[PDB]
Amino acid sequence: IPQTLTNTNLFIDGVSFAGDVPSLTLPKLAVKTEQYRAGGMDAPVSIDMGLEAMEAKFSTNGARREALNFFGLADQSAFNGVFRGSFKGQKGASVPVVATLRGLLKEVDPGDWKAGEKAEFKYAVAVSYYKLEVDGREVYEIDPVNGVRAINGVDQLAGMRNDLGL
Amino acid sequence: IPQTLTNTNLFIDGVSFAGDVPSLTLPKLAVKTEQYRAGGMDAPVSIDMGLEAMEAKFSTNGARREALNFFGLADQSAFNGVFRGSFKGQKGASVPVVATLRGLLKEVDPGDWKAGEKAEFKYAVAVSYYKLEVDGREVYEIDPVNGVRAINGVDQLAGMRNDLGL
Amino acid sequence: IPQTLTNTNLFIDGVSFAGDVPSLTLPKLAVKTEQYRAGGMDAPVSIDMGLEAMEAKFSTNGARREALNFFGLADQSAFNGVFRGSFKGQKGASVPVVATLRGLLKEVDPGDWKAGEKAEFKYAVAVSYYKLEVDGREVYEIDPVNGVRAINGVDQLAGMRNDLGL
Amino acid sequence: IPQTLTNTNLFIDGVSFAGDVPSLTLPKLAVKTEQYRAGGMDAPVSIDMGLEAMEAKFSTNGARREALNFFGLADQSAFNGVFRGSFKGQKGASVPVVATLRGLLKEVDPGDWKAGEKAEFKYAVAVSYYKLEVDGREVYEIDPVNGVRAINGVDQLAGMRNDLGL
Amino acid sequence: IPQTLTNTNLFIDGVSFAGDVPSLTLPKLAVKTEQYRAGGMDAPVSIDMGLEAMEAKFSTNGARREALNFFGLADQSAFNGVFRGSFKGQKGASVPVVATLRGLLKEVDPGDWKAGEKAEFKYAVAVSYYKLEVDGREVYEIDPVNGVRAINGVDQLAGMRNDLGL
Amino acid sequence: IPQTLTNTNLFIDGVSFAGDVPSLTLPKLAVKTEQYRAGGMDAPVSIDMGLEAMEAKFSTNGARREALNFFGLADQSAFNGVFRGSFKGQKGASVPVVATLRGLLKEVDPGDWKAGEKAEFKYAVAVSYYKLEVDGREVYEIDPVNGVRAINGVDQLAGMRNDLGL
Amino acid sequence: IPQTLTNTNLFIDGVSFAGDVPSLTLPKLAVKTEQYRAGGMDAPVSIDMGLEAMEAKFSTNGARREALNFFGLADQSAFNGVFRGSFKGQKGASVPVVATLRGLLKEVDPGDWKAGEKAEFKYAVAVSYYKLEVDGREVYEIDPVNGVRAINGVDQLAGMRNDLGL
Amino acid sequence: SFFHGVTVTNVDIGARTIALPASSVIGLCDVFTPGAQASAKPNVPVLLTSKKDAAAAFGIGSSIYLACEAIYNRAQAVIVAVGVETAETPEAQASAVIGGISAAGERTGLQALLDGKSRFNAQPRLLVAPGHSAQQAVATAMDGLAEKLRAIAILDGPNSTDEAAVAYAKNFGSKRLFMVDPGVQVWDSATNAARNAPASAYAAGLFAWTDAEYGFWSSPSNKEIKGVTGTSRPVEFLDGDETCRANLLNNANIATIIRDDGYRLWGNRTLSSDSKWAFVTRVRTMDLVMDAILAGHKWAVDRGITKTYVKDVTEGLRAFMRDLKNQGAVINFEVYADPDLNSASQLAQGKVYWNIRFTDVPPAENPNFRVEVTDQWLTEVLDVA
Amino acid sequence: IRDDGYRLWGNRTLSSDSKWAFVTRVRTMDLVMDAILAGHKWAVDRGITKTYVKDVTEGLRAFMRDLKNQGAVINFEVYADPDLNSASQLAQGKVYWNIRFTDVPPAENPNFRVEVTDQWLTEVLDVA
Amino acid sequence: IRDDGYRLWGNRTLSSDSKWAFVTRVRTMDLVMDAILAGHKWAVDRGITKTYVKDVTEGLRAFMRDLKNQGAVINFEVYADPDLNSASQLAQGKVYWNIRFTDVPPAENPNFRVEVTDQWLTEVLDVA
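Conventions we followed
Residues numbered from 1 in each chain as written, not as in the entry; some residues may be left out. Chains lettered and ligands numbered in written order. Part of a larger assembly, values for the part shown. Heavy atoms only, no water. UniProt positions renumbered as here; feature names shortened; annotations may be inferred. Helix = DSSP H or I, 4+ residues; strand = E, 2+ residues; numbered from the N terminus. Buried < 20%, exposed > 50% of the residue type's maximum accessible area, 1.4 Å probe, protein only. Contact = heavy atoms within 4.5 Å. Areas by Shrake-Rupley, 256 points an atom, 1.4 Å probe, with all protein chains shown as cover. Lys, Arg positive; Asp, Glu negative; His and termini not counted. Charge placed at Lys NZ, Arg CZ, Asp CG, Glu CD. Domains from an automatic or database assignment. Buried area = accessible area lost by both parts, 1.4 Å probe. Salt bridge = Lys/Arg side-chain N within 4 Å of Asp/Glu carboxyl O. Polar contact = N/O pair within 3.5 Å; in protein donor to acceptor, adjacent residues only side chain to side chain. Pairing = 2+ DSSP bridges. Least-squares fit on C-alpha atoms. Core = buried A, V, L, I, M, F, W, Y, C linked by side-chain atoms within 4.5 Å. Axes fitted to C-alpha atoms, helices over the stretch in contact; angles between N-to-C directions. Expected span 1.5 Å × (residues − 1). Patch = residues over 30% accessible without salt bridge, like charges linked within 9 Å, V, L, I, M, F, W, Y side chains within 5 Å.

- The name given to chain H in the PDB entry is sheath, and the organism recorded there is Pseudomonas aeruginosa.
- According to the PDB record, the title of this entry is "Atomic structures of a bactericidal contractile nanotube in its pre- and post-contraction states".
- As stated in UniProt under Sequence similarities (unreviewed entry), the record for chain H gives "Belongs to the myoviridae tail sheath protein family."

- Chain A has the name tube in the PDB entry, where Pseudomonas aeruginosa is given as its organism.

Structure, rendered in structure tokens:
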């Protein structure tokens with residue numbers, strides 16, 4: 001049932017970037033693993049050790065102001081932004097995929113201005129909070145400063161929250 | 001609202017390089033982060049630890065003199081220069097983006113002279129001071145030897161300036 | 001049955017340090033031994049001579065106040081604190097490991113402040129009392145000023161308590 | 001609530017070293033302990049026996065004069081100096097941590113001058129007096145020649161001061 | 001005012017290589033920098049620490065003898081050579097760029113002889129002395145064993161020459 | 001105001017070693033302290049007890065003769081030598097730091113001659129007399145056999161000179 | 001005037017080891033000092049008390065016989081040997097440095113034979129007599145059993161020879 | 001003149017009181033006498049940051065100044081004072097303190113406190129009227145105002161007896177009203193004798209300090225009223241239910257002041273007919289949580305409604321709300337945009353709705369230490385062993 | 001309102017007619033047309049051709065569309081009102097068009113409904 | 001003052017105008033400009049280009065900033081006064097800028113207020 005991504009749009013603070021954003025990138029949600037090899041067994045196995053540093057990145061190719069004006073902002077996690085993306089599907093009805101991500105803008109990379117090529121600024125928000133929804137349905141909600149890694153409702157850290165006494 | 005960069009020009013000391021400068025590069029403004037993982041939470045979060053070493057680079061492909069004659073100049077931060085860049089925009093009115101950057105010229109790299117190819121010198125100013133403006137409006141002003149990282153007016157180090165007693 | 005430690009949290013006086021505590025360290029419970037070699041035998045054997053000086057240590061990397069404000073406190077063993085640590089386990093259900101340790105804060109070591117690195121304070125409570133529990137089950141309870149070295153209930157000094165007449 | 005240290009500054013006699021001081025080090029406040037094992041108990045316990053020799057150390061990497069000109073100064077405890085350090089915190093508002101320390105400069109170590117490396121002088125003030133404040137609030141005040149070890153106001157030697165008759 | 005490089009010629013010891021030299025390469029003049037981050041400031045700044053190892057390289061694709069016969073020559077800095085290069089300029093009058101460089105031949109790399117491809121020897125003089133002129137005007141003169149880094153006349157080491165007492 | 005050390009030169013008897021001296025080392029000026037803990041006070045304090053054995057060390061990596069020919073010389077304190085070092089400073093004007101040190105050559109250590117590595121001799125003058133100047137201004141003058149420890153003019157032993165009757 | 005060591009060769013009894021000797025080591029000529037602190041002065045000064053035990057060491061990585069066959073030889077100081085070493089110098093003319101050293105072989109250390117690594121024997125002659133020459137010119141001649149410590153001709157023990165009546 | 005040197009000035013300055021700076025502002029309404037020095041036109045809300053400003057603004061020997069000192073002694077907070085010129089009769093005094101619109105110029109009396117915001121951004125979170133509070137009239141005014149404000153109004157009932165206090169408390173039941181009965185008795189150094197204060201000033205001051213070094217969501221129940229000595233009536237407090245005077249007043253929804261020489265406050269409970277709002281912690285949380293929300297969603301109160309407006313706000317809420325959870329303020333929460341209300345009609349008319357259901361930290365109260373003196377561990381020791 | 005004359009407060013305007021209650025409504029309806037006229041200047045003269053009606057109805061759809069793109073409005077609809085465009089009116093120069101569109105409703109009166117419950121109570125505290 | 005002509009005494013200067021009461025004020029205001037001119041020597045000739053105004057307003061912000069770094073002043077503000085810069089003035093070479101800044105107030109008249117009390121009396125002596 002071919003889905004595929006058709007169109008994409010990017011918000012920062014309500015301000016639509018319907019225009020300059022030729023690339024988005026959601027934070028690669030990865031676990032920490034640590035290949036556990038130990039007594040009684042050959043071949044490791046790997047363990048949930050917590051997630052990796054979620055970093056997201058978009059790249060407007062216009063001097064956009066509304067994006068540049070969050071860089072190094074004293075209040076880390078002030079930059080909010082929402083990465084919407086419509087997946088078409090061969091049978092018409094498009095699936096809205098939307099990923100709000102309150103984080104810290106971190107860095108800004110304007111590449112080689114060449115007087116004949118889309119300048120293309122770049123950005124890389126060090127994501128703090130991150131909720132990825134599909135068809136208006138929570139699939140992920142990863143909150144580090146709180147411990148709320150919750151796959152579609154069920155909170156996989158509800159058991160460690162107690163043992164830590166949070 | 002497609003913007004994109006159209007034309008580019010580069011100043012060093014008032015002397016326009018309207019001619020040889022097929023590439024400019026503004027300093028990639030990046031923070032230092034340090035992925036903070038700590039008690040009570042899985043998944044890091046990242047912290048404003050100050051910026052990275054801002055280095056800017058242009059690359060005239062002519063033996064230009066006015067550029068070469070700043071290399072290794074005893075007085076680091078004597079090289080001034082202004083990196084102007086006009087963003088067109090589909091609706092005509094172009095947005096002037098201009099980035100003055102008092103810094104130290106640092107290094108000069110003339111590549112492979114081949115008797116049939118633009119020689120292309122290269123340069124890489126270790127930027128000290130750096131003010132990036134958009135549409136005649138301060139967006140950045142990063143001054144290390146003073147601590148003046150000021151996103152469009154508001155100075156994000158105004159709070160650490162006091163605690164340090166500067 | 002891979003267990004391993006996932007997340008960690010540290011209490012001092014109820015105040016959760018859900019935040020700054022990148023390292024905990026429970027007191028290395030060691031006996032005093034004294035390698036007993038004697039008549040009738042080659043090769044020593046080693047004897048329970050009582051425990052070693054239990055010292056525990058955590059290390060918040062923030063100027064935390066709630067921790068610093070126990071140093072050298074006249075009333076040795078006023079510092080309480082609880083070192084909780086959740087062990088994941090490949091089969092989900094996490095094992096709460098928690099180690100209350102009423103002791104004397106002893107020393108505080110702020111390392112090299114470098115203007116670009118987590119300062120990392122350090123602490124080293126000279127543990128007086130110490131109860132280590134696993135899955136809400138007493139595994140250790142070592143109390144020197146009383147003589148109550150009790151592996152999960154059974155008190156191994158119940159026999160010396162009588163001979164001393166305590 | 002991630003804090004961490006961002007920037008640092010160092011005073012000697014009002015003269016700001018806003019410049020050369022890539023490392024500070026506050027005096028490791030440690031007690032003397034003496035692992036007390038004694039009758040009626042196995043396992044020691046440790047006693048407040050007074051503090052250890054507080055020594056602080058900074059290390060300007062410039063021939064700074066204002067620092068060098070306190071070495072071996074006849075009047076021990078003439079060197080004053082204040083070690084300020086701003087802790088950022090993820091939520092913006094930085095916590096000023098400042099540690100005045102009237103002491104004796106003691107020693108000065110210029111390392112290997114290598115004609116291609118920051119020379120880096122070194123210093124190690126044998127601290128006499130020492131007041132560490134956090135957010136403009138006294139956390140420590142250790143004064144040996146007077147006996148005034150006072151955790152945030154309350155003086156833990158107020159009881160021994162009387163018994164000694166000082 | 002488009003300049004660009006048109007033709008190139010290479011001398012070794014007066015002997016013109018008007019023929020085999022499809023590539024020249026002047027020594028990339030770079031400073032040593034060392035990103036100086038220190039007290040009172042976030043963001044480094046970078047310092048003149050002296051230059052980098054100037055190495056120049058040409059690559060005749062003929063068994064030329066006059067070049068090969070300097071390799072590993074006991075008297076380092078016997079190899080002289082002058083790298084001339086004519087920059088055209090759209091307005092006719094060509095700018096002579098010429099870079100004498102007394103140095104040590106260092107290494108020689110004959111690549112893959114393939115019986116159907118320009119063999120192309122290679123060379124890499126470890127440059128000792130180096131004077132780059134533009135339009136018959138000294139732009140650089142870098143002499144390490146003497147300390148004579150002189151941008152067009154003015155000697156930027158005239159101040160350190162005195163302090164060293166040379 | 002970044003200073004840092006750029007270049008270095010070393011004299012022995014007027015003969016400049018402009019060449020072989022990849023490392024200098026000024027004598028670590030340290031006091032003797034002796035952590036004074038005593039009646040009426042917890043926490044020591046430390047006392048000026050006189051300086052430590054000033055030893056300086058350079059390390060030419062050439063068989064230099066002019067240096068080797070002072071070893072074990074009957075007349076201790078015949079070896080003179082001056083350790084000059086130019087500190088650049090970001091604002092150009094370099095600060096001459098120069099440290100004359102009449103002493104006894106003491107020892108000479110030629111390390112592992114490896115037929116493919118700078119042999120690197122080593123030296124370690126047991127410094128008798130020692131005057132360290134900055135910007136042509138006496139900062140230190142330590143003379144043991146005379147008692148003349150004089151921080152920039154003022155002689156801190158002028159008071160003990162009288163009591164000893166020297 | 002860069003010198004540096006290029007090649008090295010090692011003799012034992014005329015037999016050249018032009019082959020196996022990847023490391024030589026001349027005896028670290030050190031005096032005995034004894035930091036003299038005494039009445040009328042703070043800060044020690046250090047005295048010529050005679051030299052230290054000169055031990056030299058080479059390390060052929062072949063089962064060489066000609067070297068092994070001097071170990072523990074009844075006649076201490078039968079092992080002779082000459083440690084030659086050619087210092088190149090940037091200006092061609094190499095400086096012969098040669099160090100004859102009649103001594104006692106003392107010890108031999110064959111390290112870890114690993115079936116895939118240069119075995120590397122080791123040696124450590126307890127040097128009795130030792131004459132180090134540079135450019136065919138005596139720089140040192142240290143003879144203990146005779147008292148002939150003579151820096152380039154002049155004998156620094158000529159004065160103690162008389163007082164002892166030798 | 002301008003003296004050039006270093007003036008050694010001998011002057012009596014009696015001991016820095018010291019006070020941790022707070023944030024929660026205090027709407028003070030008391031009496032005073034407008035003299036030559038007390039520069040403060042009677043019905044004009046002035047702002048105060050320290051005792052020096054209090055003095056220069058009000059006669060050092062004024063009831064206003066006394067309350068100001070009673071607050072500062074605990075915490076250096078921002079006060080909005082209103083100098084009700086001393087009237088004669090109790091009726092005239094009460095009426096003059098309650099105020100109203102009266103003088104077409106401005107809102108007099110307690111109503112002047114509504115000028116606190118827009119004047120100095122000092123919107124009173126804690127209303128207080130020292131003494132002028134026994135009067136049922138002033139208290140009713142305090143309650144109404146307190147509602148039109150969302151501010152805990154701190155009353156002080158009839159200082160004399162307990163029967164009067166209880167009878168007085170039964171007249172109320174208004175959520176915001178939080179009463180403190182025992183009139184504090186502090187040793188005035190000036191007259192060198194035990195003064196008699198109305199208690200409300202000290203309660204409000206400590207309220208501010210509790211908001212700071214503990215949290216606005218932590219009760220001031222067990223916190224130490226700085227300054228002061230005994231009360232005007234020794235308050236009993238023991239364990240075992242009983243007729244413990246404290247237990248009595250804290251079952252008529254009144255806070256008392258217990259332990260040696262006015263050690264501390266006592267009573268998280270508040271005057272409320274509704275049991276849900278029994279705890280001041282509940283009310284204060286429910287109020288200040290929203291203060292933080294609005295001071296943050298300022299941008300949300302205008303602006304062309306876009307497709308993403310609803311989401312911008314429901315997420316912005318989940319940000320502030322989440323942060324409060326992190327720092328203890330609440331325990332879980334739930335924000336969304338109530339669908340059965342959000343319509344085309346309401347949106348065309350600007351309006352729009354959301355839900356913010358959450359739980360507040362229950363203040364631990366009444367720990368029940370059950371204890372049995374047995375003879376179980378008897379043989380375990382003593383006998384032989 | 002707000003500290004020391006912080007800001008303005010009130011999008012409403014003096015109007016007996018509820019439709020024009022918002023200044024946003026009035027200002028939009030006015031300045032939209034300013035942009036239209038300053039752009040259709042060419043349209044106010046010129047020999048009426050067969051394609052005159054279309055040149056204008058498209059020119060309108062250009063400016064109007066652009067305004068939609070940059071937020072100014074939310075959808076619109078332009079056409080050349082037929083029941084009016086006649087030979088008589090055209091001979092006398094005149095001609096008509098409709099420009100019905102919708103304006104951005106300024107968000108006002110956010111109703112934060114809040115309930116302090118005790119639902120998430122057991123979820124924390126007790127045991128856990 | 002002080003023993004045998006120890007030292008000077010008086011930062012004040014003869015001035016009817018209170019603003020220029022301190023020699024520190026006058027000397028700063030003078031030598032600041034000496035440093036500016038000895039540095040903007042290049043700026044006093046040269047064909048006015050489009051970027052002339054900016055070259056100078058930045059060059060000023062360089063010297064000015066450096067002075068701030070080394071204590072000389074405390075903040076500053078440089079720009080090119082618009083209400084004066086005109087085509088006429090520029091054709092006649094002239095051009096204007098503002099350089100408003102603040103100067104270091106010399107600490108003078110420290111007022112050591114002191115009270116010999118009897119507060120810390122019981123804290124010592126009696127019993128203890």
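**Re the overall build of chain A**
Reasoning step 1: If you tally the helices and strands in chain A, you get 1 helix and 8 strands.
Reasoning step 2: Expressed as a percentage of its 166 residues, the buried residues of chain A come to 50%.
Reasoning step 3: Of the contacts made within chain A by residues no fewer than 6 positions apart, 56% connect residues no fewer than 24 positions apart.
Reasoning step 4: A total accessible area of about 7,400 Å² is found for chain A, and carbon and sulfur atoms account for 49% of it.
Reasoning step 5: Distance between charge centroids for chain A: 5 Å, based on 18 positive and 21 negative side chains.

**With respect to the domain arrangement of chain H**
Size of an interface, as often reported, equals the accessible area lost when the parts are brought together.
Residues and elements named next belong to chain H.
Reasoning step 1: Here the domain parsing of chain H yields domain 1 (13-273) and domain 2 (274-362).
Reasoning step 2: Computed from C-alpha atoms alone, the centre-to-centre distance between domain 1 and domain 2 is 31 Å.
Reasoning step 3: Taken together, the contact between domain 1 and domain 2 spans 21 residues of the former and 21 residues of the latter.
Reasoning step 4: Together domain 1 and domain 2 conceal approximately 1,800 Å² of surface at their shared face, both sides included; 59% is due to carbon and sulfur atoms.
Reasoning step 5: When the area that domain 1 buries against domain 2 is broken down by residue, the three leading residues are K175, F216 and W217, summing to 39%.

**Observations concerning the interface of chain B and chain C**
Reasoning step 1: Listed as interface residues are 11 residues of chain B and, on the opposing side, 14 residues of chain C.
Reasoning step 2: Both sides of the chain B and chain C interface together cover about 820 Å² of buried area, and 47% of this is carbon and sulfur.
Reasoning step 3: Contact with chain C buries surface across chain B, with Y36, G39 and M49 of chain B losing the most and accounting together for 53% of the total.
Reasoning step 4: Applying the counting rule to chain B against chain C returns 0 salt bridges.
Reasoning step 5: For the pair chain B and chain C, the interface holds 6 residue pairs in polar contact.

**Notes on the interface of chain B and chain A**
Reasoning step 1: If you look at the interface, chain B gives 43 residues, while chain A gives 47 residues.
Reasoning step 2: Here chain B meets chain A over a buried area of about 3,700 Å², counting both sides, of which 60% is carbon and sulfur.
Reasoning step 3: Counting every contact that joins chain B to chain A gives 1 salt bridge.
Reasoning step 4: A salt bridge links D42 of chain B to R149 of chain A; the shortest N-O distance between them is 3.4 Å.
Reasoning step 5: Connecting chain B to chain A are 12 residue pairs in polar contact.
Reasoning step 6: Of all the secondary-structure elements, those providing two or more residues to the side of chain B that touches chain A are β1 (5-11), β2 (29-30), β3 (82-87), β8 (130-134) and β9 (138-142) of chain B.
Reasoning step 7: Sort the elements by how many residues they give to the side of chain B that touches chain A and β3 of chain B lands first, with 4 residues.
Reasoning step 8: Relative to β2 of chain B, strand β5 (residues 107-108) of chain A is paired through 2 bridges, and the arrangement is antiparallel.

**A short note on the pattern of salt bridges**
Reasoning step 1: Per the stated rule, a full pass over the model turns up 78 salt bridges over all chains.
Reasoning step 2: Between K106 of chain G and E55 of chain G there is a salt bridge, with its nearest N and O atoms 2.8 Å apart. Remark: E55 of chain G occurs in the loop between β2 (29-30) and β3 (82-87) and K106 of chain G occurs in the loop between β5 (103-104) and β6 (126-127); sequence separation between them is 51 residues.
Reasoning step 3: For the salt bridge of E315 of chain H with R318 of chain H, the shortest nitrogen-to-oxygen distance reads 3.6 Å. With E315 of chain H and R318 of chain H both in helix α10 (residues 309-326) and 3 residues apart, the pair spans about one turn of that helix. Comparing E315 of chain H with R318 of chain H shows no difference in burial state: the two are buried.

**Topic: the relation of the copies chain B and chain A**
Reasoning step 1: Expressed as a screw transformation, the operator carrying chain B onto chain A has a rotation angle of 60° and an axial translation of 0.0 Å, and the superposed copies differ by an RMSD of 0.0 Å. Overall, the copies show the geometry of a six-fold rotation axis.
Reasoning step 2: The fraction of interface residues of chain B whose copies in chain A are also interface residues is only 5%, indicating that the copies meet through different surfaces.

**A word on the nonpolar core**
Reasoning step 1: One finds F58 of chain C, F58 and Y140 of chain D, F58 and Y140 of chain F together with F58 and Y140 of chain G to be the most contacted residues of the largest nonpolar core, which totals 153 residues.
Reasoning step 2: When sequence neighbours within four positions are dropped, the list of residues in contact with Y140 of chain F reads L68, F71 and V108 of chain D together with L29, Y130, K131, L132, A150 and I151 of chain F.
Reasoning step 3: In terms of nonpolar packing, the next biggest core, distinct from the first, is built from 108 residues, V95 and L105 of chain B together with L29 and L132 of chain E among them.

**Quick word on the sheet that holds strand β7 (residues 130-134) of chain E**
Residue and element names in this part refer to chain E.
Reasoning step 1: In space, the 5 strands of this open sheet follow the order β1-β3-β4-β7-β8, with antiparallel pairing throughout. Strands with a single pairing partner mark the edges of an open sheet, and in this sheet they are β1 (5-11) and β8 (138-142). The mean angle between the axes of side-by-side strands here comes to 10°, regardless of whether they run parallel or antiparallel.
Reasoning step 2: One ladder, built from 4 bridges, connects β7 with β8; its direction is antiparallel.

**Quick word on helix α9 (residues 280-294) of chain H**
All names here are of chain H.
Reasoning step 1: With 15 residues, α9 should reach 21 Å at 1.5 Å per residue; the first-to-last C-alpha distance of 21 Å fits that figure.
Reasoning step 2: Considered for burial, the residues of α9 that qualify are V280, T281, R282, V283, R284, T285, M286, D287, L288, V289, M290 and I293.
Reasoning step 3: Directly after α9, the chain includes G296, whose backbone phi takes a positive value near 160°.

**Quick notes on the side chain of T6 of chain F**
Reasoning step 1: With respect to the secondary-structure elements, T6 of chain F resides in strand β1 (residues 5-11).
Reasoning step 2: Of the polar contacts made by the side chain of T6 of chain F, one reaches the backbone nitrogen of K88 of chain F; its length is 3.0 Å.
Reasoning step 3: With residues near it in sequence (within four places) discarded, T6 of chain F still touches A115 and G116 of chain D, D48 and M49 of chain E together with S86, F87 and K88 of chain F.

**Looking at a negative patch on the surface**
Residue and element names in this part refer to chain E.
Reasoning step 1: Taken together, the side chains of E107, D109, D112 and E117 make up a negatively charged region of the molecular surface.
Reasoning step 2: You can see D109 is positioned in the loop between β5 (103-104) and β6 (126-127).
Reasoning step 3: By relative accessible area, which is 37% here, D109 ends up partly exposed.

**What about the sheet that holds strand β14 (residues 330-333) of chain H?**
Reasoning step 1: With mixed pairing, the 3 strands of this open sheet are ordered in space as β14(H)-β16(H)-β4(I). What marks the edges here is a single partner per strand, and that holds for β14 of chain H together with β4 (116-117) of chain I.
Reasoning step 2: Alignment of strand β16 (residues 358-360) of chain H against β4 of chain I, held across 2 bridges, turns out to be parallel. Across the sheet, residue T359 of chain H finds its bridge partner in β4 of chain I, namely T117 of chain I.

**Structural notes on unusual backbone geometry**
Reasoning step 1: The phi torsion at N152 of chain B lies on the positive side, around 20°, for a residue other than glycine.
Reasoning step 2: Within the secondary structure, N152 of chain B sits in the loop between β9 and α1 (158-164).
Reasoning step 3: Despite not being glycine, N146 of chain F shows a phi value in the positive range, around 155°.
Reasoning step 4: Relative to the helices and strands, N146 of chain F is located in the loop between β9 (138-142) and α1 (158-164).

**Things to note about a nonpolar patch on the surface**
Reasoning step 1: Taken together, the side chains of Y36, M41, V45, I47 and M49 of chain C present a nonpolar region at the surface, about 440 Å² in accessible area.
Reasoning step 2: For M41 of chain C, the position within the fold is in the loop between β1 (5-11) and β2 (82-87).

**What to know about the side chain of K88 of chain F**
Reasoning step 1: Tracing the backbone shows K88 of chain F in the loop between β3 (82-87) and β4 (95-100).
Reasoning step 2: Of the side chains with opposite charge, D48 of chain E lies nearest to the buried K88 of chain F, which makes no salt bridge, at 4.0 Å.
Reasoning step 3: Residues contacting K88 of chain F, with those up to four places away along its chain left out, are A74 and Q76 of chain B, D48 and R149 of chain E together with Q3, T4, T6, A93, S94 and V95 of chain F.

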